[PDB]
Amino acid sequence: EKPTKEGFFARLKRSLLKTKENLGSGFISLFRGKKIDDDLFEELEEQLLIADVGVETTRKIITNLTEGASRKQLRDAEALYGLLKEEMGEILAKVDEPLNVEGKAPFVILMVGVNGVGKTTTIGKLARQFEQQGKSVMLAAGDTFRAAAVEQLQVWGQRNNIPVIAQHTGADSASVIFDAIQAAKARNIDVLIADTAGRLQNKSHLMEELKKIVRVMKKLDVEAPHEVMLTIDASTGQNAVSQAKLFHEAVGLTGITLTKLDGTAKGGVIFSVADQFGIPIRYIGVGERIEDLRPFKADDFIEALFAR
């Protein structure tokens, strides 16, 4: 066949099956045959919360939905579906801005996040995506005190013909990353992806470590890191929201990757993250393949979520 909108949406809809049970098309059974009254909005709120949309974001959706329904004096609950699609779409549109890594030498992505939420996999998928676009990639193994994490990137780089800058276990992360930027410049690398420590220290130590790295990058390039990317796991519920808060306060994020959307029946995390922080969501993980780490587009996501 050929690539088509229909084929793409068929797959995207399927990947969100579990989440669509409660959100988007999931709303249809909830509204069917009901009138609009306080009980209805309460049932909707409960459904939103159970899907991990989060109390504050749920409250905002319900308030805005109520106002919209009042402007039209809707009476039938079924008609709320369209307004909800619009309201939840508005939340996501504010953080729709795909990552553009072009035109730098190198474009530096500082990858932050806890270990175990898909950060290491996201590094591999992004590196391959950039190569598939015709860009050269290098990695920096900046999680220097975890031999396992360093060896993981080193072996992967070796097998995939991608250079990986790494030093002995216990090396200074800032120095590994400094050396990596230098190596990347010397080798005309388009994108450098730098891993960082995800075995959470205490907050002060996390802040110190990350600020140290950024400062050291700026000893070479005032624009590095061009992107500070958090990776969080959508199936972890409010853990992902709290993790975003922690890292955003520690270093200041510029982009978010949200993994494992296909793995949970409570897909509200994306709305909570969007609403709470207003940081662009660069990519969403909706499957195991490289291409399944999809650049995030709000309208397409909403269409898939709400399509019955």
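One-based numbering along the sequence shown.
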Mean C-alpha temperature factor, higher of 286 to 294 and 17 to 25: 17 to 25
Per the PDB entry, mean CA B-factor is higher for 140 to 148 or 83 to 91, namely for 140 to 148
Maximum C-alpha temperature factor per the entry, among 153, 108, 210, 117, belongs to which one? 117
Third of chain Cα B-factors occupied by residue 74: middle
So where's residue 260 on the chain's Cα temperature factor ranking, which third? middle
Tertile call for residue 60 (CA temperature factor, within chain, third-based) is the lowest
State the tercile, meaning the lowest, middle or highest third, of residue 174 with respect to the CA B-factors recorded for its chain. highest
Ranked by Cα temperature factor within the chain, is residue 187 in the lowest third, the middle third or the highest third? middle
